[PDB]
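Coordinates as given in final00.cif (mmCIF, C-alpha atoms and all ligand atoms):
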data_input
loop_
_atom_site.label_atom_id
_atom_site.label_comp_id
_atom_site.auth_asym_id
_atom_site.auth_seq_id
_atom_site.Cartn_x
_atom_site.Cartn_y
_atom_site.Cartn_z
CA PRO P 707 -18.95 -11.30 1.37
CA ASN P 708 -16.45 -13.10 -0.88
CA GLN P 709 -18.45 -15.77 -2.67
CA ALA P 710 -15.87 -16.48 -5.34
CA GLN P 711 -15.66 -19.98 -6.77
CA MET P 712 -12.43 -21.92 -7.25
CA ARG P 713 -12.97 -24.74 -9.71
CA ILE P 714 -10.60 -27.51 -8.69
CA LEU P 715 -9.81 -29.17 -12.02
CA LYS P 716 -9.00 -32.75 -12.90
CA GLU P 717 -5.96 -32.83 -15.18
CA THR P 718 -7.83 -34.87 -17.82
CA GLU P 719 -10.13 -31.95 -18.73
CA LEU P 720 -7.11 -29.82 -19.72
CA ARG P 721 -5.19 -29.97 -23.00
CA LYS P 722 -1.83 -28.22 -23.30
CA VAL P 723 -1.64 -27.16 -26.95
CA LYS P 724 1.36 -24.82 -27.20
CA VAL P 725 4.04 -23.30 -24.99
CA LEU P 726 3.55 -19.53 -24.77
CA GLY P 727 6.45 -18.66 -22.49
CA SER P 728 8.50 -19.81 -19.52
CA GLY P 729 10.72 -18.30 -16.87
CA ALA P 730 11.72 -18.72 -13.23
CA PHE P 731 8.25 -19.49 -11.84
CA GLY P 732 6.81 -21.83 -14.48
CA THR P 733 5.66 -22.52 -18.01
CA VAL P 734 2.54 -20.97 -19.55
CA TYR P 735 0.71 -23.05 -22.15
CA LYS P 736 -2.02 -22.06 -24.55
CA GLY P 737 -4.66 -24.73 -24.18
CA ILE P 738 -8.26 -25.88 -24.11
CA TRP P 739 -10.42 -26.56 -21.05
CA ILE P 740 -13.39 -28.92 -21.39
CA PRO P 741 -15.46 -28.84 -18.16
CA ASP P 742 -15.76 -32.39 -16.74
CA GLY P 743 -18.31 -34.26 -18.88
CA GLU P 744 -19.61 -31.03 -20.46
CA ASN P 745 -19.98 -30.12 -24.17
CA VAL P 746 -17.87 -26.90 -24.25
CA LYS P 747 -14.28 -25.99 -25.11
CA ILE P 748 -12.80 -22.85 -23.54
CA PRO P 749 -9.48 -21.35 -24.71
CA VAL P 750 -7.36 -21.23 -21.56
CA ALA P 751 -3.85 -20.47 -20.43
CA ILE P 752 -2.31 -23.06 -18.10
CA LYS P 753 0.77 -22.29 -16.00
CA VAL P 754 2.35 -25.43 -14.57
CA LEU P 755 4.74 -24.48 -11.77
CA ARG P 756 7.84 -26.45 -10.80
CA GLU P 757 8.55 -29.10 -8.09
CA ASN P 758 11.02 -26.93 -6.08
CA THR P 759 9.79 -25.48 -2.72
CA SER P 760 6.69 -27.63 -3.13
CA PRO P 761 6.57 -27.24 0.72
CA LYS P 762 6.56 -23.43 0.77
CA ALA P 763 5.80 -21.95 -2.63
CA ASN P 764 2.55 -23.91 -2.98
CA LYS P 765 1.16 -22.11 0.06
CA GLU P 766 2.22 -18.66 -1.14
CA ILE P 767 0.79 -19.67 -4.56
CA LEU P 768 -2.42 -20.80 -2.81
CA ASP P 769 -2.96 -17.36 -1.35
CA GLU P 770 -2.13 -15.69 -4.63
CA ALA P 771 -4.98 -17.82 -5.94
CA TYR P 772 -7.28 -16.80 -3.08
CA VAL P 773 -6.68 -13.11 -3.77
CA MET P 774 -7.04 -13.51 -7.57
CA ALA P 775 -9.99 -15.88 -7.62
CA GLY P 776 -12.39 -13.06 -6.76
CA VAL P 777 -14.05 -11.14 -9.59
CA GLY P 778 -12.33 -7.96 -8.47
CA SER P 779 -11.01 -5.65 -11.17
CA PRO P 780 -11.59 -6.05 -14.93
CA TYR P 781 -7.94 -5.01 -15.34
CA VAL P 782 -6.53 -7.98 -13.39
CA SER P 783 -6.60 -11.48 -14.85
CA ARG P 784 -8.84 -13.76 -12.80
CA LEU P 785 -7.89 -17.33 -11.93
CA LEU P 786 -10.37 -19.86 -13.31
CA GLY P 787 -9.10 -22.93 -11.49
CA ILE P 788 -6.35 -24.96 -9.86
CA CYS P 789 -5.18 -28.45 -10.87
CA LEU P 790 -3.98 -30.08 -7.64
CA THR P 791 -1.51 -32.58 -9.09
CA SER P 792 1.93 -33.12 -7.56
CA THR P 793 2.85 -30.00 -9.56
CA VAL P 794 0.17 -27.36 -9.10
CA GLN P 795 -1.35 -26.09 -12.35
CA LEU P 796 -3.33 -22.85 -12.67
CA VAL P 797 -5.98 -22.61 -15.39
CA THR P 798 -7.32 -19.27 -16.55
CA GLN P 799 -9.09 -17.54 -19.41
CA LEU P 800 -6.99 -16.92 -22.52
CA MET P 801 -6.55 -13.28 -23.52
CA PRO P 802 -6.30 -13.79 -27.30
CA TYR P 803 -4.29 -10.70 -28.29
CA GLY P 804 -1.35 -11.75 -26.08
CA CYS P 805 0.99 -9.79 -23.87
CA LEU P 806 0.99 -6.02 -24.30
CA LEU P 807 4.74 -5.78 -24.99
CA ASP P 808 4.60 -7.63 -28.31
CA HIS P 809 1.15 -6.24 -29.10
CA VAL P 810 2.42 -2.65 -29.05
CA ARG P 811 5.65 -3.71 -30.80
CA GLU P 812 3.91 -4.99 -33.94
CA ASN P 813 1.32 -2.17 -33.98
CA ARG P 814 3.76 0.73 -34.13
CA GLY P 815 2.07 3.27 -36.36
CA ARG P 816 -1.30 1.63 -35.59
CA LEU P 817 -1.92 3.05 -32.10
CA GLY P 818 -3.13 6.57 -31.40
CA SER P 819 -2.92 8.81 -28.36
CA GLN P 820 -6.07 7.55 -26.64
CA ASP P 821 -5.15 3.86 -26.97
CA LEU P 822 -1.85 4.56 -25.19
CA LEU P 823 -3.34 6.83 -22.51
CA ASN P 824 -6.33 4.50 -21.97
CA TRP P 825 -4.04 1.56 -21.17
CA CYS P 826 -2.01 3.55 -18.63
CA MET P 827 -5.30 4.50 -16.97
CA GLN P 828 -6.48 0.87 -16.87
CA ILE P 829 -3.10 -0.47 -15.73
CA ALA P 830 -3.10 2.11 -12.94
CA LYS P 831 -6.64 1.04 -12.04
CA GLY P 832 -5.57 -2.61 -11.96
CA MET P 833 -2.62 -1.79 -9.72
CA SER P 834 -4.90 0.35 -7.55
CA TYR P 835 -7.08 -2.70 -6.93
CA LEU P 836 -4.03 -4.79 -6.03
CA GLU P 837 -3.00 -2.06 -3.59
CA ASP P 838 -6.44 -2.25 -1.97
CA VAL P 839 -6.16 -6.03 -1.56
CA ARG P 840 -2.67 -5.69 -0.01
CA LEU P 841 -0.78 -7.35 -2.90
CA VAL P 842 2.64 -6.12 -4.07
CA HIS P 843 3.25 -7.32 -7.69
CA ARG P 844 7.10 -6.84 -7.63
CA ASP P 845 7.25 -7.52 -11.41
CA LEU P 846 5.00 -5.05 -13.19
CA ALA P 847 6.08 -4.68 -16.81
CA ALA P 848 4.77 -4.41 -20.35
CA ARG P 849 5.47 -8.13 -20.85
CA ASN P 850 3.23 -8.82 -17.81
CA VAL P 851 0.18 -6.92 -19.11
CA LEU P 852 -2.28 -8.76 -21.36
CA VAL P 853 -4.44 -7.55 -24.25
CA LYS P 854 -7.98 -8.91 -24.04
CA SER P 855 -9.29 -6.59 -26.78
CA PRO P 856 -7.55 -3.61 -28.50
CA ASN P 857 -8.70 -1.30 -25.66
CA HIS P 858 -8.74 -3.61 -22.63
CA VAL P 859 -5.71 -4.79 -20.64
CA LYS P 860 -5.14 -6.99 -17.59
CA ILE P 861 -2.24 -7.33 -15.15
CA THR P 862 -1.08 -10.92 -14.76
CA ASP P 863 1.78 -13.34 -13.89
CA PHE P 864 2.09 -12.67 -10.14
CA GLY P 865 4.78 -15.36 -9.75
CA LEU P 866 6.63 -12.81 -7.59
CA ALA P 867 3.49 -11.39 -5.95
CA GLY P 882 17.45 -11.99 -6.90
CA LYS P 883 14.92 -13.07 -9.51
CA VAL P 884 13.26 -9.70 -10.21
CA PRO P 885 14.26 -7.90 -13.44
CA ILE P 886 16.44 -5.11 -12.11
CA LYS P 887 15.48 -2.51 -14.74
CA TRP P 888 11.89 -2.33 -13.45
CA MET P 889 12.90 -2.31 -9.78
CA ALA P 890 12.84 0.74 -7.55
CA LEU P 891 16.18 1.82 -6.11
CA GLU P 892 15.22 0.91 -2.53
CA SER P 893 14.34 -2.59 -3.74
CA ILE P 894 17.76 -3.00 -5.37
CA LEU P 895 19.71 -1.67 -2.37
CA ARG P 896 17.55 -2.41 0.70
CA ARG P 897 15.64 -5.40 -0.80
CA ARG P 898 12.48 -3.54 0.25
CA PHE P 899 9.24 -3.80 -1.72
CA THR P 900 6.28 -1.51 -1.03
CA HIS P 901 3.34 -0.36 -3.11
CA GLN P 902 5.43 2.72 -3.87
CA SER P 903 8.09 0.50 -5.45
CA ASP P 904 5.34 -0.84 -7.70
CA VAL P 905 4.67 2.77 -8.74
CA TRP P 906 8.27 2.84 -9.96
CA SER P 907 7.50 -0.31 -11.96
CA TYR P 908 4.38 1.47 -13.21
CA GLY P 909 6.50 4.35 -14.50
CA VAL P 910 8.79 2.03 -16.45
CA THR P 911 5.81 0.18 -17.94
CA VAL P 912 4.32 3.47 -19.14
CA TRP P 913 7.74 4.30 -20.60
CA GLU P 914 7.60 1.01 -22.52
CA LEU P 915 4.19 1.90 -23.95
CA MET P 916 5.11 5.47 -24.92
CA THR P 917 8.27 4.14 -26.62
CA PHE P 918 6.26 1.42 -28.44
CA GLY P 919 8.07 -1.35 -26.60
CA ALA P 920 11.62 -0.04 -26.37
CA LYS P 921 14.04 -1.82 -24.05
CA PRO P 922 14.80 0.27 -20.93
CA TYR P 923 18.49 1.11 -20.47
CA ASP P 924 19.22 -0.79 -23.67
CA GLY P 925 22.81 -1.99 -23.86
CA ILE P 926 23.50 -1.03 -20.22
CA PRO P 927 24.47 -4.08 -18.12
CA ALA P 928 22.25 -4.78 -15.12
CA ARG P 929 25.09 -4.39 -12.61
CA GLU P 930 25.60 -0.76 -13.68
CA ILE P 931 21.91 0.11 -13.17
CA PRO P 932 21.96 1.01 -9.42
CA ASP P 933 24.99 3.28 -9.79
CA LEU P 934 23.32 4.80 -12.86
CA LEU P 935 20.14 5.55 -10.90
CA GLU P 936 22.06 6.81 -7.86
CA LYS P 937 23.87 9.29 -10.13
CA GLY P 938 20.53 10.85 -11.10
CA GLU P 939 19.88 9.34 -14.53
CA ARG P 940 16.45 8.03 -15.51
CA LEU P 941 14.79 6.77 -18.67
CA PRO P 942 14.75 9.49 -21.36
CA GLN P 943 11.69 11.37 -22.56
CA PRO P 944 9.79 9.36 -25.21
CA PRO P 945 9.34 11.33 -28.44
CA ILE P 946 5.53 11.07 -28.37
CA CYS P 947 5.32 12.20 -24.74
CA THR P 948 4.57 15.73 -23.73
CA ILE P 949 6.41 16.90 -20.65
CA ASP P 950 3.09 16.53 -18.80
CA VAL P 951 3.13 12.77 -19.36
CA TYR P 952 6.90 12.43 -19.01
CA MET P 953 6.68 14.34 -15.74
CA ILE P 954 4.40 11.69 -14.23
CA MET P 955 6.97 8.99 -15.01
CA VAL P 956 9.71 11.17 -13.49
CA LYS P 957 7.66 11.46 -10.29
CA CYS P 958 7.40 7.65 -10.22
CA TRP P 959 11.23 7.44 -10.20
CA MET P 960 11.87 9.72 -7.23
CA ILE P 961 14.37 8.19 -4.81
CA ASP P 962 12.11 9.27 -1.95
CA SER P 963 9.20 6.84 -2.08
CA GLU P 964 6.76 9.41 -0.66
CA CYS P 965 7.57 11.77 -3.54
CA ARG P 966 6.08 9.26 -5.99
CA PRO P 967 2.41 9.41 -7.02
CA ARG P 968 -0.23 7.24 -5.42
CA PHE P 969 -2.03 4.76 -7.66
CA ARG P 970 -5.35 6.50 -7.03
CA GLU P 971 -3.68 9.72 -8.17
CA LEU P 972 -2.25 8.00 -11.25
CA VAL P 973 -5.78 6.81 -12.02
CA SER P 974 -7.18 10.35 -11.94
CA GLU P 975 -4.37 11.99 -13.93
CA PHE P 976 -4.32 9.44 -16.75
CA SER P 977 -8.12 9.45 -16.94
CA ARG P 978 -7.96 13.25 -17.23
CA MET P 979 -5.40 12.98 -20.03
CA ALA P 980 -7.33 10.16 -21.73
CA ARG P 981 -10.33 12.51 -21.93
CA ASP P 982 -8.19 14.95 -23.97
CA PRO P 983 -5.55 12.70 -25.57
CA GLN P 984 -4.52 15.24 -28.20
CA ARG P 985 -3.16 17.61 -25.54
CA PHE P 986 -0.76 15.07 -24.04
CA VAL P 987 0.46 12.49 -26.60
CA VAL P 988 1.52 13.43 -30.13
CA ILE P 989 1.87 10.29 -32.32
CA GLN P 990 3.07 12.27 -35.40
CA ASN P 991 6.50 11.96 -33.71
CA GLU P 992 7.22 8.21 -34.08
CA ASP P 993 10.94 8.89 -34.66
CA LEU P 994 13.53 10.46 -36.98
CA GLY P 995 16.53 9.05 -38.81
CA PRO P 996 20.03 10.50 -38.32
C1 LIG P 1001 4.60 -12.45 -24.51
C2 LIG P 1001 4.21 -13.83 -24.48
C3 LIG P 1001 2.69 -14.03 -24.47
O1 LIG P 1001 2.13 -13.42 -25.36
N1 LIG P 1001 1.97 -14.82 -23.56
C4 LIG P 1001 0.51 -15.03 -23.45
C5 LIG P 1001 0.02 -15.04 -22.17
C6 LIG P 1001 -1.33 -15.21 -21.70
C7 LIG P 1001 -1.73 -15.21 -20.28
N2 LIG P 1001 -0.65 -15.03 -19.31
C8 LIG P 1001 -0.52 -15.72 -18.01
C9 LIG P 1001 0.26 -15.14 -17.00
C10 LIG P 1001 0.39 -15.75 -15.75
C11 LIG P 1001 -0.21 -16.97 -15.42
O2 LIG P 1001 -0.07 -17.47 -14.16
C12 LIG P 1001 -0.98 -16.96 -13.22
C13 LIG P 1001 -0.73 -17.13 -11.80
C14 LIG P 1001 -1.61 -16.63 -10.84
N3 LIG P 1001 -2.81 -15.91 -11.22
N4 LIG P 1001 -3.85 -15.32 -10.48
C15 LIG P 1001 -4.70 -14.80 -11.43
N5 LIG P 1001 -4.24 -15.04 -12.72
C16 LIG P 1001 -3.07 -15.73 -12.57
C17 LIG P 1001 -2.13 -16.27 -13.53
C18 LIG P 1001 -1.02 -17.60 -16.38
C19 LIG P 1001 -1.75 -18.93 -16.16
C20 LIG P 1001 -1.12 -16.96 -17.64
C21 LIG P 1001 -3.11 -15.38 -19.90
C22 LIG P 1001 -3.63 -15.39 -18.54
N6 LIG P 1001 -4.05 -15.40 -17.45
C23 LIG P 1001 -3.99 -15.54 -21.03
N7 LIG P 1001 -3.64 -15.54 -22.30
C24 LIG P 1001 -2.31 -15.38 -22.70
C25 LIG P 1001 -1.85 -15.37 -24.12
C26 LIG P 1001 -0.52 -15.20 -24.52
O3 LIG P 1001 -0.16 -15.21 -25.85
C27 LIG P 1001 -1.17 -15.59 -26.82
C28 LIG P 1001 -1.12 -14.82 -28.16
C29 LIG P 1001 6.12 -12.41 -24.49
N8 LIG P 1001 7.03 -11.39 -25.41
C30 LIG P 1001 8.19 -12.42 -25.81
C31 LIG P 1001 7.73 -10.35 -24.68
#
Could you render the structure as structure tokens?
Ligand SMILES: */C(=C\C(=O)Nc1cc2c(Nc3ccc(Oc4ccn5ncnc5c4)c(C)c3)c(C#N)cnc2cc1OCC)CN(C)C
Amino acid sequence: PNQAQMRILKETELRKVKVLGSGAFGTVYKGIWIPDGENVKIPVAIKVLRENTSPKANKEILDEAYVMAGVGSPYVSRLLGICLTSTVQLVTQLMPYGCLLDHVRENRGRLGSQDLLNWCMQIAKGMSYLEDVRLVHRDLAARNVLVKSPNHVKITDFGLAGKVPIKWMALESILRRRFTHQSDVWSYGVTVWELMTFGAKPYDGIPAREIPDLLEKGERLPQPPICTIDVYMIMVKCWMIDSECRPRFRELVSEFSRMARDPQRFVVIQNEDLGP
């Protein structure tokens, strides 16, 4: 099997139009791809990496590309091509609605119960595929989920597939530096919390150094107002200190698909918030 096609791109058929974001791993540009000597223009995102660890990170980036060049899950962004300059550039289809975090932030009061439960199902499906292909994301978050259409999301970034945001990290990853698929389930729980809070900041105001002591003392993210205890209880399972107490991604797929089939039973939007 595995007949995927990597389209090695010449840099001259790529136009960087606008910076969309940057971080530790590279800069993402909104841009236009014009196949070599072809008549089409495709809206693309281009992430140009750095020059550091050109000896070692290129190879780990190469295999990230191998795993995400296959047409695998519709809920994982697929790599269109690689630009093999001195600084490796990755070209990919542009999801026009942007990253989920700021999508849900500016559509508060515009999203119902099924839209929120449908995403959590898809995001769990996308992570379930990554678990089947032996990839640990390490940085699952609302900011790292894309909106293709109002009811279709994709997991992306993978620059980490020290520098991990500590508020999405499992406790065993903070203390023992250990990353498993079950630590990604913890990240899944936080991401769902972000959705159900319409893009609230986890542990807002709490410094990152205090987080591990906070978690070791038994505190977790609070119950979102629109969550029933059914939904909140799934997140709580994802934050068990024992990694084998947390749900499996194939279980999270079934439970959120069950709740998406009856969204009124499990998410109550009428409760956006209340003023004190
Ligand atoms: C939200 C800022 C924001 O809206 N950004 C975007 C992002 C868009 C992306 N994102 C993207 C992520 C990671 C990339 O690097 C890859 C490395 C390896 N891979 N294997 C498979 N796929 C990859 C990607 C790249 C190149 C891009 C994509 C994609 N893919 C498409 N369209 C995007 C649009 C966009 O905004 C446009 C409105 C931040 N707030 C501040 C929280």
| Taking into account only C-alpha atoms and all ligand atoms, which residue in the set P:840, P:811, P:713, P:901 is nearest to ligand LIG 1001 (chain P)? | P:811
| message | Show me which residues line ligand LIG 1001 (chain P), defined as having an atom within 6 Å of a ligand atom where all atoms listed in the file count, and present them as a PyMOL selection string. | response | chain P and resi 726-727+734+751-753+771+774+783-785+796-805+807-808+849+862-864
| request: May I ask which of the residues P:932, P:922, P:780, P:818 is the closest one to residue 852 of chain P, counting only C-alpha atoms? | output: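 Under the stated criterion, the closest residue is P:780.
Within 12 Å of residue 965 of chain P there are residues 902, 903, 905, 906, 954, 955, 956, 957, 958, 959 and 960 of chain P, counting only C-alpha atoms and ignoring same-chain residues fewer than 5 positions away.
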| field | Interatomic distance (Å, one decimal) between atom CA of residue 948 of chain P and atom CA of residue 987 of chain P | value | 6.0 Å
| query | Can you list, as a list in words, every protein, DNA or RNA residue that comes within 9 Å of segment 944-947 of chain P when you count all atoms listed in the file, leaving out same-chain residues fewer than 3 positions away? | reply |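 Result of the neighbour search: residues 819, 913, 916, 917, 941, 950, 951, 952, 986, 987, 988, 989, 990, 991, 992 and 993 of chain P.
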| request: Tell me, as a list in words, which residues lie within 10 Å of residue 810 of chain P, counting only C-alpha atoms; anything in the same chain fewer than 4 positions away does not count. | output: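 Listed by chain and then number, they are residues 805, 806, 814, 815, 816, 817, 822, 848, 853, 914, 915, 916, 917, 918, 919 and 920 of chain P.
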| field | Nearest candidate to residue 940 of chain P (options P:716, P:887, P:860, P:844; using only C-alpha atoms) | value |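 For residue 940 of chain P, the nearest of the candidates is P:887.
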| query | Looking at P:812, P:892, P:904, P:962, which one is nearest to residue 836 of chain P, with distances taken over all atoms listed in the file? | reply |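 Closest to residue 836 of chain P, using all atoms listed in the file: P:904.
Take atom CA of residue 777 of chain P and atom CA of residue 761 of chain P: the distance between them is 28.1 Å.
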| request: May I ask for the distance between atom CA of residue 856 of chain P and atom CA of residue 782 of chain P, given in Å to one decimal place? | output: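 Distance reported for this atom pair: 15.8 Å.
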| Residue among P:760, P:813, P:900, P:855 lying closest to residue 843 of chain P, counting all atoms listed in the file | P:900
Can you tell me which residues surround residue 835 of chain P at a distance of at most 8 Å, considering only C-alpha atoms, apart from same-chain residues fewer than 3 positions away, and format the answer as a PDB file with C-alpha atoms, in the frame of the given file?
ATOM      1  CA  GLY P 778     -12.330  -7.960  -8.470  1.00  0.00           C
ATOM      2  CA  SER P 779     -11.010  -5.650 -11.170  1.00  0.00           C
ATOM      3  CA  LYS P 831      -6.640   1.040 -12.040  1.00  0.00           C
ATOM      4  CA  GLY P 832      -5.570  -2.610 -11.960  1.00  0.00           C
ATOM      5  CA  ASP P 838      -6.440  -2.250  -1.970  1.00  0.00           C
ATOM      6  CA  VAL P 839      -6.160  -6.030  -1.560  1.00  0.00           C
TER       7      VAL P 839
END
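Of the listed residues P:865, P:933, P:983, P:715, the one whose atoms come nearest to residue 728 of chain P is P:865, with distances taken using all atoms listed in the file.
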| request: For residue 710 of chain P, please output as a PyMOL selection string all residues within 7 Å (counting all atoms listed in the file; exclusion window: fewer than 2 positions along the same chain). | output: chain P and resi 708+712+775-776
